[PDB]
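**Student:** Below is the structure I would like to discuss, written out as structure tokens.
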Amino acid sequence: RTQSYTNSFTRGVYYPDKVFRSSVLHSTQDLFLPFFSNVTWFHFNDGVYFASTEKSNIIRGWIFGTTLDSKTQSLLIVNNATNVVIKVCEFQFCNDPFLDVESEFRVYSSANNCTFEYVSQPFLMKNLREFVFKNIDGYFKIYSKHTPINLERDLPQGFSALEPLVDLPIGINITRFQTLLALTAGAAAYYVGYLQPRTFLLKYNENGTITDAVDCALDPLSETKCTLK
Amino acid sequence: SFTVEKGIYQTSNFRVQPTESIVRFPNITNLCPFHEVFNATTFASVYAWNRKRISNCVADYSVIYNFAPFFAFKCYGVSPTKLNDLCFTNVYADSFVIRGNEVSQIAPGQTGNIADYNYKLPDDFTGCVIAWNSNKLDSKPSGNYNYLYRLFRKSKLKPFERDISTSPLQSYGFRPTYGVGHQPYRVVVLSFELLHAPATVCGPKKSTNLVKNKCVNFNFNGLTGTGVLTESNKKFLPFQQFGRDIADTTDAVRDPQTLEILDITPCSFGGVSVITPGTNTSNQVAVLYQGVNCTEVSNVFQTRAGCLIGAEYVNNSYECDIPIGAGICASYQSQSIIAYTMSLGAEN
Amino acid sequence: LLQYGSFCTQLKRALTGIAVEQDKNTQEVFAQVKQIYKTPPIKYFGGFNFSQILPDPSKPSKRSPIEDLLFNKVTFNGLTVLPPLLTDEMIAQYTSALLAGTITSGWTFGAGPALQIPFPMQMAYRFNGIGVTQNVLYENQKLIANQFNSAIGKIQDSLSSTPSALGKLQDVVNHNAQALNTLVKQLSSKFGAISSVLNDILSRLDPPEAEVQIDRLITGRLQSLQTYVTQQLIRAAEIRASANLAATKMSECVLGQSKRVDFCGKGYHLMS
Amino acid sequence: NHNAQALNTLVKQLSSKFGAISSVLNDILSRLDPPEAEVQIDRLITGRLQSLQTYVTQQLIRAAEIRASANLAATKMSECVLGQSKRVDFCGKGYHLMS
Amino acid sequence: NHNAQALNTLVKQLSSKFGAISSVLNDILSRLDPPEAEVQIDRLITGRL
Ligand SMILES: *[C@@H]1O[C@H](CO)[C@@H](O[C@@H]2O[C@H](CO)[C@@H](O)[C@H](O)[C@H]2NC(C)=O)[C@H](O)[C@H]1NC(C)=O
Ligand SMILES: *[C@@H]1O[C@H](CO)[C@@H](O)[C@H](O)[C@H]1NC(C)=O
Ligand SMILES: *[C@@H]1O[C@H](CO)[C@@H](O)[C@H](O)[C@H]1NC(C)=O
Ligand SMILES: *[C@@H]1O[C@H](CO)[C@@H](O)[C@H](O)[C@H]1NC(C)=O
Ligand SMILES: *[C@@H]1O[C@H](CO)[C@@H](O)[C@H](O)[C@H]1NC(C)=O
Ligand SMILES: *[C@@H]1O[C@H](CO)[C@@H](O)[C@H](O)[C@H]1NC(C)=O
Ligand SMILES: *[C@@H]1O[C@H](CO)[C@@H](O)[C@H](O)[C@H]1NC(C)=O
Ligand SMILES: *[C@@H]1O[C@H](CO)[C@@H](O)[C@H](O)[C@H]1NC(C)=O
Ligand SMILES: *[C@@H]1O[C@H](CO)[C@@H](O)[C@H](O)[C@H]1NC(C)=O
């Protein structure tokens with residue numbers, strides 16, 4: 001776990017609602033990832049932007065919890081080759097839990113109690129995978145995007161929307177999150193950024209796909225652009 | 001006045017009435033677990049209350065009417081009589097038992113020990129509160145002290161939260177010898193979240209068939225109104241349901257039962273103008289429907305200003321007498337009302 | 001709403017008055033002459049070349065090249081737009097009549113019957129009206145004709161090059177668009193009510209409890225309409241003043257020769 | 001005509017209710033209890049104040065136009081009557097002689 | 001004189017009550033509960049508009 005600092009650039013734009021628009025310049029106000037921010041490089045707060053580019057499929061699932069104890073229900077997502085499972089069951093996490101590859105003893109002691117259960121098609125599929133995780137007013141939202149990329153150590157420059165992927169009515173306490181691995185030692189890298197409230201000016205095309213955005217609080221020129229629409 | 005001078009006057013407007021009504025709703029007929037919420041014969045204490053998220057089912061409330069003779073039934077955001085037509089985004093159920101004298105303690109903009117130390121509500125709350133006596137069920141002859149209530153706390157409770165940590169807790173005394181004002185009443189708080197959006201728990205009513213190219217009322221899972229439904233061409237992505245424009249108005253709908261895009265257009269409307277010479281001259285009139293083609297209604301003549309009825313078009317050109325619109329004028333001439341293209345002046 | 005009074009009659013009357021005034025402005029500016037004069041078939045006027053301002057018979061709409069460039073260079077819930085009474089072709093015919101009358105007669109057709117006069121003689125008369133004798137014109141005819149031709153030629157390029165040369169005409173359109181957009185965007189406000197949709201309020205509350213919510217919407221919408229109407233009246237006054245000035249200029253700089261300074265351009269006036 | 005109709009509208013605006021049980025002060029004050037009658041009074045107060053404001057604004061807007069016309073008349077008196085004017089089409093159609 | 005009179009009137013209009021319990025926001029907020037403070041705030045807002 002070696003830290004690094006890098007620049008976010010123009011990444012992390014998602015559709016705020018489920019309404020179709022075209023040939024308009026709309027203005028919205030929500031939690032976002034500000035343009036050109038110091039995102040951290042690994043080898044929760046309001047929300048999380050996660051970015052990965054590995055191919056070995058060493059990464060799958062996440063841990064979300066407040067007390068990190070089985071006494072209180074803690075969100076736990078597992079992702080394997082054929083399905084994805086979301087358990088809001090009670091889990092007693094180990095010191096450094098991970099997938100054994102295939103027992104679940106090291107992931108958790110046991111599930112004495114459980115509330116929510118979900119199973120569906122796995123999220124995961126040169127290529128960059130981006131995910132936005134955020135919970136608000138007792139709801140969990142996960143947005144995702146897969147995009148082919150060229151050879152580039154840092155994040156690509158451009159625009160790409162984050163289509164909605166899943167919504168869950170979980171309604172629990174989340175304060176901290178940790179990364180799950182399925183391991184023989186090795187190395188991996190991923191990018192983490194944090195979201196805070198912002199006002200944005202989103203631009204739509206004739207097909208209804210977001211193509212450009214403006215951060216209204218970045219510099220005076222952007223404020224002028226926002227006030228002139 | 002009883003005499004009208006020569007000219008053109010605007011009298012009123014016209015609109016196209018709807019033909020019929022179209023209702024659409026999901027296939028499913030799952031019944032909501034409201035019965036499970038009720039007649040449980042065991043309800044939690046006032047300070048320790050359970051939640052429940054009702055979803056993916058049909059909500060019927062007349063079963064609550066046939067369930068018990070409720071003592072108190074208050075609603076704030078909606079009207080009690082027509083709960084059977086709305087569709088709510090989500091439902092939150094709170095169930096507990098409180099002393100009969102404390103029924104009115106819990107309410108928005110209200111203060112009380114139960115109000116501030118057991119359960120709190122927001123100022124803009126939307127929902128209902130139901131209550132009725134259960135003395136014959138939850139009152140032991142020697143006293144039912146299993147029900148407790150909190151009385152002491154450093155801080156007031158926030159809206160929509162549960163507290164279990166724990167003498168602040170005092171046990172109740174319920175005996176059949178007691179009268180009104182002390183017997184236990186069971187109470188349920190129902191909370192909705194109206195969002196004028198597609199929702200899980202709709203009403204019991206049933207859909208109908210779908211029509212096109214006809215002015216008609218519609219009700220698509222709460223999207224009510226009137227208009228003309230036609231086939232659409234917009235490229236809706238799987239999560240796209242509605243549609244808007246620069247003016248922020250609905251212009252497309254996703255059909256629930258058969259996933260398809262439907263364009264909505266407003267029905268025809270406009271103004272009506274009356275062309276007449278003086279009453280002392282003649283007694284006939286002509287009518288102009290502004291900005292409407294003649295299909296929407298000497299008999300007919302289509303101009304740029306709309307549809308003209310009662311006037312005869314002619315080749316010749318004269319000086320303008322009664323202005324109509326884009327270069328057209330009307331006049332009285334064995335005798336009738338004619339319309340023509342005005343003349344700018346004699347050639348030279 | 002019927003309990004609030006008779007505001008709607010006042011609104012309708014004000015809007016109708018504005019529209020009638022709009023028609024009268026154009027009528028007063030352009031419909032000066034009584035005859036439709038026509039230019040002769042042979043366009044030779046002593047060396048002066050008017051082809052840039054006379055109507056072009058090749059194109060269908062019968063407009064001069066400069067008029068074409070000007071035409072090309074300028075670009076609901078109970079709200080309707082009414083068409084103007086005079087089409088563009090009629091205005092073009094008025095303009096062509098004025099040009100033919102001024103080319104073939106001078107200032108005589110504005111005071112009575114039109115009387116012929118050769119163009120160089122008219123130009124000599126106009127020189128004699130600023131303190132210069134006729135022999136100055138008659139001995140420098142070709143130089144003056146060439147200078148006039150070049151000056152006319154430069155106008156199309158001057159109009160095309162400068163971007164904001166026609167800002168005055170664009171401002172009217174922009175203000176009308178902004179006012180209408182604001183008026184229609186005001187419909188989605190709540191004004192301290194449960195919702196901005198009357199259908200939802202009528203289908204979620206008892207009849208006695210709905211009036212309290214409906215009154216707020218009614219008051220807000222009445223206030224919005226009143227503000228829009230007042231702004232429209234104030235703008236109409238300014239437009240009327242502009243139209244009056246334009247009519248004065250048409251009568252004094254086109255139908256005659258003006259002695260007022262800087263009224264018909266910078267220099268000594270000759271024609272327009 | 002306009003000066004008469006404006007006054008008639010202003011007078012006829014008194015009998016409107018503006019969202020109150022009655023459109024007369026004496027009856028509504030005699031019957032109802034003041035602690036809830038003051039709001040009913042306030043509604044009428046605002047309703048009538050708006051009518052007064054509208055009337056005054058319209059009168060100002062008309063007065064501006066009348067002043068413009070009066071200035072034009074003063075100029076025509078100074079130029080066409082006290083002298084002979086060379087401006088085309090300012091003192092009638094033709095060559096001006098007098099007025 | 002006209003400009004000065006207009007500004008002075010506009011400034012002095014801030015101390016009117018417009019049929020509310022007071023003309024200071026801070027006094028109303030720090031005395032009444034939030035569900036009733038708006039009933040008095042809206043009148044002040046309308047008058048100032
Ligand atoms: C009047 O001026 C016009 C504009 O320059 C002349 O039309 C040009 O004529 C030349 C030669 O005939 C052409 O090469 C140009 O393309 C023409 N210009 C346009 C815009 O069509 C016209 O010839 C002049 N009239 C006379 C009698 O000389
Ligand atoms: C599981 O739930 C039971 C009650 O159903 C509770 O007594 C027990 O403590 C819970 N287990 C935990 C919190 O680990
Ligand atoms: C993957 O997860 C699903 C979820 O139940 C499980 O059924 C399956 O056995 C797991 N393994 C494979 C190889 O699919
Ligand atoms: C959630 O956990 C945090 C941190 O332990 C705590 O401060 C908070 O009170 C808990 N509950 C909610 C509703 O945030
Ligand atoms: C919009 O969609 C049309 C039809 O699929 C397509 O031809 C056009 O290229 C699209 N516009 C883009 C991709 O900018
Ligand atoms: C609803 O029923 C129709 C007709 O039987 C069918 O075509 C459609 O697929 C059904 N949809 C769902 C979600 O069950
Ligand atoms: C005639 O009415 C139809 C509507 O049915 C409209 O589409 C069409 O444009 C109208 N014709 C003309 C010439 O305006
Ligand atoms: C004049 O009358 C003829 C009759 O054949 C007609 O074809 C033509 O359209 C008329 N001209 C108009 C209506 O302007
Ligand atoms: C101008 O005068 C000449 C004589 O030199 C004549 O041939 C010509 O026709 C005249 N122009 C016109 C338009 O008649």
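Ordering of the structure tokens sets the chain letters (A, B, ...), residue numbers begin anew at 1 in every chain, and ligands are numbered from 1 in the order given.
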Name the residues in contact with stretch 13-18 of chain A at a cut-off of 9 Å, using only C-alpha atoms, excluding same-chain residues fewer than 6 positions from it; report them as a PDB file with N, CA and C atoms, in the first residue's frame.
**Tutor:**
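Resulting contents of part_29.pdb:
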ATOM      1  N   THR A  28     -27.300  21.573 -13.402  1.00  0.00           N
ATOM      2  CA  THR A  28     -27.635  20.689 -12.296  1.00  0.00           C
ATOM      3  C   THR A  28     -26.767  21.015 -11.090  1.00  0.00           C
ATOM      4  N   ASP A  30     -25.265  18.838  -7.706  1.00  0.00           N
ATOM      5  CA  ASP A  30     -25.166  17.546  -7.035  1.00  0.00           C
ATOM      6  C   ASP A  30     -23.715  17.294  -6.649  1.00  0.00           C
ATOM      7  N   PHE A  32     -20.169  15.786  -7.006  1.00  0.00           N
ATOM      8  CA  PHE A  32     -19.379  15.449  -8.177  1.00  0.00           C
ATOM      9  C   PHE A  32     -17.910  15.381  -7.794  1.00  0.00           C
ATOM     10  N   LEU A  33     -17.093  15.030  -8.785  1.00  0.00           N
ATOM     11  CA  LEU A  33     -15.645  15.066  -8.666  1.00  0.00           C
ATOM     12  C   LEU A  33     -15.144  16.314  -9.369  1.00  0.00           C
ATOM     13  N   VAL A 132     -18.611   4.849  -9.796  1.00  0.00           N
ATOM     14  CA  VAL A 132     -18.991   5.876  -8.835  1.00  0.00           C
ATOM     15  C   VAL A 132     -19.928   5.234  -7.828  1.00  0.00           C
ATOM     16  N   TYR A 143     -22.698   3.666 -10.385  1.00  0.00           N
ATOM     17  CA  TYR A 143     -22.582   3.991 -11.801  1.00  0.00           C
ATOM     18  C   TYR A 143     -21.272   3.424 -12.322  1.00  0.00           C
ATOM     19  N   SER A 144     -21.253   3.008 -13.586  1.00  0.00           N
ATOM     20  CA  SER A 144     -20.063   2.362 -14.120  1.00  0.00           C
ATOM     21  C   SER A 144     -19.850   2.763 -15.569  1.00  0.00           C
ATOM     22  N   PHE A 159     -13.921  13.237 -22.508  1.00  0.00           N
ATOM     23  CA  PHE A 159     -15.228  13.198 -21.870  1.00  0.00           C
ATOM     24  C   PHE A 159     -15.858  11.831 -22.073  1.00  0.00           C
ATOM     25  N   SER A 160     -16.576  11.368 -21.054  1.00  0.00           N
ATOM     26  CA  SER A 160     -17.296  10.105 -21.127  1.00  0.00           C
ATOM     27  C   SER A 160     -18.316  10.078 -20.005  1.00  0.00           C
ATOM     28  N   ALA A 161     -19.556   9.743 -20.340  1.00  0.00           N
ATOM     29  CA  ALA A 161     -20.605   9.700 -19.340  1.00  0.00           C
ATOM     30  C   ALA A 161     -20.533   8.405 -18.537  1.00  0.00           C
ATOM     31  N   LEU A 162     -21.145   8.434 -17.358  1.00  0.00           N
ATOM     32  CA  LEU A 162     -21.205   7.288 -16.453  1.00  0.00           C
ATOM     33  C   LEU A 162     -22.662   6.854 -16.343  1.00  0.00           C
ATOM     34  N   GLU A 163     -23.064   5.904 -17.183  1.00  0.00           N
ATOM     35  CA  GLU A 163     -24.441   5.440 -17.185  1.00  0.00           C
ATOM     36  C   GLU A 163     -24.778   4.759 -15.860  1.00  0.00           C
ATOM     37  N   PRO A 164     -26.012   4.907 -15.384  1.00  0.00           N
ATOM     38  CA  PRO A 164     -26.403   4.232 -14.145  1.00  0.00           C
ATOM     39  C   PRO A 164     -26.340   2.723 -14.304  1.00  0.00           C
ATOM     40  N   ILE A 210     -24.440  12.949 -23.137  1.00  0.00           N
ATOM     41  CA  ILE A 210     -23.636  14.020 -22.564  1.00  0.00           C
ATOM     42  C   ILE A 210     -22.273  14.037 -23.237  1.00  0.00           C
ATOM     43  N   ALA A 213     -19.075  19.414 -20.257  1.00  0.00           N
ATOM     44  CA  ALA A 213     -19.515  19.906 -18.963  1.00  0.00           C
ATOM     45  C   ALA A 213     -18.648  21.091 -18.568  1.00  0.00           C
TER      46      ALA A 213
ATOM     47  N   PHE B 239     -32.195   3.401 -19.567  1.00  0.00           N
ATOM     48  CA  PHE B 239     -32.615   4.085 -18.352  1.00  0.00           C
ATOM     49  C   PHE B 239     -33.440   5.338 -18.622  1.00  0.00           C
ATOM     50  N   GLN B 240     -33.512   5.796 -19.871  1.00  0.00           N
ATOM     51  CA  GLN B 240     -34.325   6.962 -20.196  1.00  0.00           C
ATOM     52  C   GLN B 240     -35.801   6.595 -20.245  1.00  0.00           C
ATOM     53  N   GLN B 241     -36.617   7.351 -19.514  1.00  0.00           N
ATOM     54  CA  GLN B 241     -38.060   7.144 -19.477  1.00  0.00           C
ATOM     55  C   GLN B 241     -38.844   8.346 -19.978  1.00  0.00           C
ATOM     56  N   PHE B 242     -38.570   9.538 -19.455  1.00  0.00           N
ATOM     57  CA  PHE B 242     -39.329  10.732 -19.789  1.00  0.00           C
ATOM     58  C   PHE B 242     -38.672  11.483 -20.944  1.00  0.00           C
TER      59      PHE B 242
END
**Student:** Kindly work out which residues sit at most 10 Å from ligand 9, using only C-alpha atoms and all ligand atoms, and give the list as an MDAnalysis selection string.
**Tutor:** chainID C and resid 40:46 118
**Student:** Could you write those residues out with N, CA, C and O atoms, as a CSV table (one decimal), in the first residue's frame?
**Tutor:**
chain,number,residue,atom,x,y,z
C,40,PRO,N,-37.5,53.2,-66.2
C,40,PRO,CA,-37.6,53.0,-67.7
C,40,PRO,C,-36.9,51.7,-68.1
C,40,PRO,O,-36.0,51.2,-67.3
C,41,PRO,N,-37.2,51.2,-69.2
C,41,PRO,CA,-36.5,50.0,-69.7
C,41,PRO,C,-35.0,50.1,-69.9
C,41,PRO,O,-34.3,49.2,-69.7
C,42,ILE,N,-34.6,51.3,-70.4
C,42,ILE,CA,-33.2,51.6,-70.6
C,42,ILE,C,-32.6,52.3,-69.5
C,42,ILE,O,-32.9,53.4,-69.1
C,43,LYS,N,-31.6,51.6,-68.8
C,43,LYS,CA,-31.0,52.2,-67.6
C,43,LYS,C,-29.7,52.8,-68.0
C,43,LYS,O,-28.6,52.3,-67.8
C,44,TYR,N,-29.8,54.1,-68.5
C,44,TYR,CA,-28.6,54.9,-68.8
C,44,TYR,C,-29.0,56.3,-68.2
C,44,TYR,O,-29.8,57.0,-68.7
C,45,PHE,N,-28.3,56.7,-67.1
C,45,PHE,CA,-28.5,58.0,-66.5
C,45,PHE,C,-27.3,58.9,-66.5
C,45,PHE,O,-26.9,59.4,-65.4
C,46,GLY,N,-26.7,59.0,-67.6
C,46,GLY,CA,-25.6,59.9,-67.7
C,46,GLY,C,-24.3,59.5,-67.1
C,46,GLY,O,-23.4,60.2,-66.9
C,118,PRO,N,-33.7,65.4,-66.9
C,118,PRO,CA,-32.5,64.5,-67.0
C,118,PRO,C,-31.6,64.5,-65.8
C,118,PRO,O,-31.6,65.5,-65.0
**Student:** Counting only C-alpha atoms, which residues from chain C have an atom at most 8 Å from any atom of chain B, and could you show them as a PyMOL selection string?
**Tutor:** chain C and resi 34-38+82-87+90+181+184-185+199+204-206
**Student:** Could those selected residues go to a file with N, CA, C and O atoms, as a PDB file, in the first residue's frame?
**Tutor:**
ATOM      1  N   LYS C  34     -48.550  57.753 -53.573  1.00  0.00           N
ATOM      2  CA  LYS C  34     -49.843  57.266 -54.021  1.00  0.00           C
ATOM      3  C   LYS C  34     -49.776  56.526 -55.345  1.00  0.00           C
ATOM      4  O   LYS C  34     -50.730  55.821 -55.690  1.00  0.00           O
ATOM      5  N   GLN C  35     -48.686  56.667 -56.089  1.00  0.00           N
ATOM      6  CA  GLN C  35     -48.500  56.021 -57.376  1.00  0.00           C
ATOM      7  C   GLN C  35     -47.355  55.025 -57.271  1.00  0.00           C
ATOM      8  O   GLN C  35     -46.428  55.209 -56.480  1.00  0.00           O
ATOM      9  N   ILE C  36     -47.420  53.970 -58.070  1.00  0.00           N
ATOM     10  CA  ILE C  36     -46.343  52.989 -58.150  1.00  0.00           C
ATOM     11  C   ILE C  36     -45.558  53.320 -59.412  1.00  0.00           C
ATOM     12  O   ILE C  36     -45.879  52.863 -60.507  1.00  0.00           O
ATOM     13  N   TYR C  37     -44.517  54.129 -59.258  1.00  0.00           N
ATOM     14  CA  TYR C  37     -43.689  54.502 -60.393  1.00  0.00           C
ATOM     15  C   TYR C  37     -42.788  53.347 -60.805  1.00  0.00           C
ATOM     16  O   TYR C  37     -42.369  52.531 -59.982  1.00  0.00           O
ATOM     17  N   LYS C  38     -42.494  53.280 -62.098  1.00  0.00           N
ATOM     18  CA  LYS C  38     -41.663  52.227 -62.661  1.00  0.00           C
ATOM     19  C   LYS C  38     -40.475  52.838 -63.384  1.00  0.00           C
ATOM     20  O   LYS C  38     -40.601  53.873 -64.042  1.00  0.00           O
ATOM     21  N   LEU C  82     -49.003  37.012 -33.959  1.00  0.00           N
ATOM     22  CA  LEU C  82     -49.837  37.360 -35.100  1.00  0.00           C
ATOM     23  C   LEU C  82     -48.988  37.852 -36.264  1.00  0.00           C
ATOM     24  O   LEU C  82     -47.989  38.544 -36.056  1.00  0.00           O
ATOM     25  N   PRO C  83     -49.365  37.516 -37.498  1.00  0.00           N
ATOM     26  CA  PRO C  83     -48.567  37.943 -38.640  1.00  0.00           C
ATOM     27  C   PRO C  83     -48.778  39.417 -38.929  1.00  0.00           C
ATOM     28  O   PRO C  83     -49.877  39.956 -38.715  1.00  0.00           O
ATOM     29  N   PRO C  84     -47.756  40.111 -39.416  1.00  0.00           N
ATOM     30  CA  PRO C  84     -47.929  41.519 -39.779  1.00  0.00           C
ATOM     31  C   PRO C  84     -48.812  41.673 -41.004  1.00  0.00           C
ATOM     32  O   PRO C  84     -48.947  40.760 -41.819  1.00  0.00           O
ATOM     33  N   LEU C  85     -49.421  42.854 -41.126  1.00  0.00           N
ATOM     34  CA  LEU C  85     -50.404  43.070 -42.181  1.00  0.00           C
ATOM     35  C   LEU C  85     -49.752  43.149 -43.555  1.00  0.00           C
ATOM     36  O   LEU C  85     -50.285  42.607 -44.528  1.00  0.00           O
ATOM     37  N   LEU C  86     -48.608  43.817 -43.659  1.00  0.00           N
ATOM     38  CA  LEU C  86     -47.915  43.993 -44.929  1.00  0.00           C
ATOM     39  C   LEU C  86     -46.818  42.948 -45.067  1.00  0.00           C
ATOM     40  O   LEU C  86     -45.966  42.816 -44.185  1.00  0.00           O
ATOM     41  N   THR C  87     -46.833  42.219 -46.176  1.00  0.00           N
ATOM     42  CA  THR C  87     -45.776  41.264 -46.454  1.00  0.00           C
ATOM     43  C   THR C  87     -44.495  41.994 -46.848  1.00  0.00           C
ATOM     44  O   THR C  87     -44.469  43.213 -47.019  1.00  0.00           O
ATOM     45  N   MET C  90     -44.666  43.620 -50.464  1.00  0.00           N
ATOM     46  CA  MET C  90     -45.323  44.918 -50.546  1.00  0.00           C
ATOM     47  C   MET C  90     -44.386  46.041 -50.118  1.00  0.00           C
ATOM     48  O   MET C  90     -44.362  47.115 -50.734  1.00  0.00           O
ATOM     49  N   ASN C 181     -39.381  33.838 -23.124  1.00  0.00           N
ATOM     50  CA  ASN C 181     -38.777  32.712 -22.425  1.00  0.00           C
ATOM     51  C   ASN C 181     -38.933  32.852 -20.919  1.00  0.00           C
ATOM     52  O   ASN C 181     -39.228  31.874 -20.227  1.00  0.00           O
ATOM     53  N   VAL C 184     -42.577  32.058 -19.966  1.00  0.00           N
ATOM     54  CA  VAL C 184     -42.941  30.643 -19.982  1.00  0.00           C
ATOM     55  C   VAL C 184     -42.184  29.863 -18.912  1.00  0.00           C
ATOM     56  O   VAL C 184     -42.694  28.867 -18.391  1.00  0.00           O
ATOM     57  N   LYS C 185     -40.976  30.295 -18.553  1.00  0.00           N
ATOM     58  CA  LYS C 185     -40.227  29.640 -17.491  1.00  0.00           C
ATOM     59  C   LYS C 185     -40.805  29.930 -16.115  1.00  0.00           C
ATOM     60  O   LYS C 185     -40.593  29.145 -15.187  1.00  0.00           O
ATOM     61  N   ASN C 199     -53.215  19.632 -11.764  1.00  0.00           N
ATOM     62  CA  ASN C 199     -53.823  18.307 -11.809  1.00  0.00           C
ATOM     63  C   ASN C 199     -53.472  17.490 -10.572  1.00  0.00           C
ATOM     64  O   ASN C 199     -54.333  16.814  -9.999  1.00  0.00           O
ATOM     65  N   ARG C 204     -55.124  15.112  -5.171  1.00  0.00           N
ATOM     66  CA  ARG C 204     -54.467  14.667  -3.950  1.00  0.00           C
ATOM     67  C   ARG C 204     -55.015  15.350  -2.706  1.00  0.00           C
ATOM     68  O   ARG C 204     -54.472  15.135  -1.617  1.00  0.00           O
ATOM     69  N   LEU C 205     -56.060  16.163  -2.824  1.00  0.00           N
ATOM     70  CA  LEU C 205     -56.560  16.900  -1.676  1.00  0.00           C
ATOM     71  C   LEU C 205     -58.069  17.043  -1.785  1.00  0.00           C
ATOM     72  O   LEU C 205     -58.649  16.933  -2.868  1.00  0.00           O
ATOM     73  N   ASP C 206     -58.700  17.276  -0.638  1.00  0.00           N
ATOM     74  CA  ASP C 206     -60.128  17.529  -0.611  1.00  0.00           C
ATOM     75  C   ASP C 206     -60.426  18.908  -1.196  1.00  0.00           C
ATOM     76  O   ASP C 206     -59.586  19.808  -1.138  1.00  0.00           O
TER      77      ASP C 206
END
**Student:** Between B:119, B:301, B:61, B:172, which residue has the minimum interatomic distance to ligand 8, considering only C-alpha atoms and all ligand atoms?
**Tutor:**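 Nearest to ligand 8: B:301.
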**Student:** Smallest atom-to-atom distance to residue B:283: which of B:190, B:22, B:337, B:37, using only C-alpha atoms?
**Tutor:**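 Once distances to residue B:283 are computed over only C-alpha atoms, the minimum belongs to B:337.
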**Student:** In Å, how far is it from atom 6 (C, counted along the ligand's line) of ligand 8 to atom CA of residue B:7?
**Tutor:**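 Interatomic distance, atom 6 (C, counted along the ligand's line) of ligand 8 to atom CA of residue B:7: 28.0 Å.
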**Student:** What does the distance from atom CA of residue C:239 to atom CA of residue C:177 come to in Å, to one decimal?
**Tutor:**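 One can read the atom CA of residue C:239 to atom CA of residue C:177 distance as 16.3 Å.
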**Student:** List all protein, DNA and RNA residues that have an atom no more than 8 Å from any atom of ligand 7, counting only C-alpha atoms and all ligand atoms, and report them as a list in words.
**Tutor:**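 Every residue with an atom at most 8 Å from ligand 7 is listed here: residues 292, 293, 294, 295, 296, 302 and 304 of chain B.
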**Student:** How would the residues just picked look written out with N, CA and C atoms as a compact mmCIF listing (two decimals), in the first residue's frame?
**Tutor:**
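The result, written out as again-v5.txt:
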# COMPACT_ATOMS: atom_id res chain seq x y z
N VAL B 292 -54.90 27.93 -37.53
CA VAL B 292 -55.41 26.57 -37.55
C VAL B 292 -55.76 26.20 -38.98
N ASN B 293 -55.34 25.02 -39.43
CA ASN B 293 -55.77 24.57 -40.74
C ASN B 293 -57.25 24.18 -40.70
N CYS B 294 -57.90 24.28 -41.86
CA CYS B 294 -59.34 24.09 -41.94
C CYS B 294 -59.78 22.67 -41.64
N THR B 295 -58.86 21.70 -41.61
CA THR B 295 -59.25 20.32 -41.34
C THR B 295 -59.61 20.10 -39.87
N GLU B 296 -59.25 21.02 -38.99
CA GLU B 296 -59.45 20.80 -37.56
C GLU B 296 -60.84 21.18 -37.07
N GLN B 302 -58.03 28.81 -47.02
CA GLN B 302 -56.85 28.71 -46.18
C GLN B 302 -55.90 29.86 -46.48
N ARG B 304 -52.63 32.53 -44.49
CA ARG B 304 -51.53 32.43 -43.55
C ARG B 304 -51.98 32.70 -42.12
**Student:** Quick check, in Å to one decimal: how far apart do atom 2 (O, counted along the ligand's line) of ligand 3 and atom CA of residue A:78 lie?
**Tutor:**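 Spanning atom 2 (O, counted along the ligand's line) of ligand 3 to atom CA of residue A:78 is a straight-line distance of 8.0 Å.
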**Student:** Per DSSP on the backbone, filter stretch 40-204 of chain B down to the residues in strand (DSSP E) and report them as a ChimeraX atom specification.
**Tutor:** /B:53-54,72-75,91-99,127-133,148-150,169-171,184-192
**Student:** Just want the residues within 6 Å of ligand 3, written as a PyMOL selection string, counting only C-alpha atoms and all ligand atoms.
**Tutor:** chain A and resi 80-83
**Student:** Collect all residues with atoms no farther than 10 Å from ligand 2, counting only C-alpha atoms and all ligand atoms, and output them as a list in words.
**Tutor:**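 So the residues close to ligand 2 are residues 69, 70, 71, 72, 73, 90, 91, 92, 110, 111, 112, 113 and 114 of chain A.
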**Student:** I need the chain C residues near chain D as number ranges by chain; criterion: at most 8 Å, counting only C-alpha atoms.
**Tutor:** C: 3-6, 110-112, 234, 237, 251-252, 255-256, 258
